Amino acid sequence: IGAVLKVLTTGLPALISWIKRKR
Amino acid sequence: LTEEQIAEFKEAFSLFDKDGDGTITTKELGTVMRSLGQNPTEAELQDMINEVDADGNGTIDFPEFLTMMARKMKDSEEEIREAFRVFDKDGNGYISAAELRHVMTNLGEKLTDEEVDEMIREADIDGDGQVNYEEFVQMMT
Ligand SMILES: [Ca+2]
Ligand SMILES: [Ca+2]
Ligand SMILES: [Ca+2]
Ligand SMILES: [Ca+2]
């Protein structure tokens, strides 16, 4: 429960946005 | 606060706010949790909002979401292993590009292949082209 929160609020967003801002 | 941090925070918010109205409801939280194989009750979801619901309005806006994430960051090993298993679908201990693509497709993020491979390269520390459990730990902390 809190695991999915930690995942979707700590590591994954950094990668998704660091790849998305390169356009 | 850097320009880099803001884009990351924005993408994380937009992951939950799947209808894009600028608020996160209990229903959106539940939907995102279930797409990751979790099953939260209505009470758990309301408690999740009310743990950050500064204005008592029953939904999560942007700064309350920031508070939720900062609290969660300060928070565990069982949880990290659980999320790893969320991504390591076949349990071989390495998150592949295909697995990350599958997870993105489950979350609704329409990302190109080259972009997913970029994400893998960005998170990959040893350079084998996959994410092992320790690299995942590094990503979280
Ligand atoms: Ca919404
Ligand atoms: Ca609120
Ligand atoms: Ca795997
Ligand atoms: Ca690796």
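Method of determination, as given in the entry header: X-ray crystallography; reported resolution: 2.48 Å.

The name given to chain B in the PDB entry is Calmodulin-1, with the source organism recorded as Homo sapiens. Its official PDB title, as written in the record, is "Crystal structure of human Ca2+/Calmodulin in complex with melittin".

*Asks:* Account for the packing of aromatic side chains, with residues named and values stated.
*Replies:* Two measures describe an aromatic ring pair: the distance that separates the ring centres and the angle between the ring planes. All names here are of chain B. Seen from their ring centres, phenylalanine 13 and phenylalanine 62 are 5.2 Å apart, and the 40° between their planes marks the pair as tilted. You can see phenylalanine 13 sitting in helix 1 (residues 3–16) and its partner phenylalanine 62 sitting in helix 4 (residues 62–74), a full 49 residues away along the chain. Taking the centre distance of 5.5 Å and the plane angle of 80° together, the rings of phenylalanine 84 and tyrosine 133 count as edge-to-face. Taken together, the residues span a long stretch of sequence, with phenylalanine 84 in helix 5 (residues 78–87) and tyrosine 133 in helix 8 (residues 133–140) at a distance of 49 residues. Of the aromatic side chains, those joined through ring pairs into one cluster are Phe13, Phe16, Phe62 and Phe65. Between the NZ or CZ atom of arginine 81 and the centre of the ring of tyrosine 133, over which it lies, the distance is 3.5 Å.

*Asks:* Tell me about the interface of chain A and chain B, residues and numbers included.
*Replies:* The figure often quoted for interface size is the accessible area lost as the parts come together. Tallying the contact residues gives 19 residues for chain A and 27 residues for chain B. Put simply, the parts of the chain that give the side of chain A that touches chain B at least two residues each are helix 1 (2–10) and helix 2 (12–20) of chain A. Take the side of chain A that touches chain B: its biggest share by element is nine residues, from helix 1 of chain A. A class-by-class count of the residues in the side of chain A that touches chain B yields 13 nonpolar, five polar and one charged.

Calculation notes
- Residues numbered from 1 in each chain as written, not as in the entry; some residues may be left out.
- Chains lettered and ligands numbered in written order.
- Heavy atoms only, no water.
- Residues with missing side-chain atoms left out of burial classes, pairs and counts.
- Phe/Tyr/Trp six-rings, centres within 6.5 Å; stacked < 30°, edge-to-face > 60°.
- Helix = DSSP H or I, 4+ residues; strand = E, 2+ residues; numbered from the N terminus.
- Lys NZ or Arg CZ within 6 Å of the ring centre and 35° of its normal.
- Contact = heavy atoms within 4.5 Å.
- Nonpolar A, V, L, I, M, F, W, Y, C, P; charged D, E, K, R; others polar.

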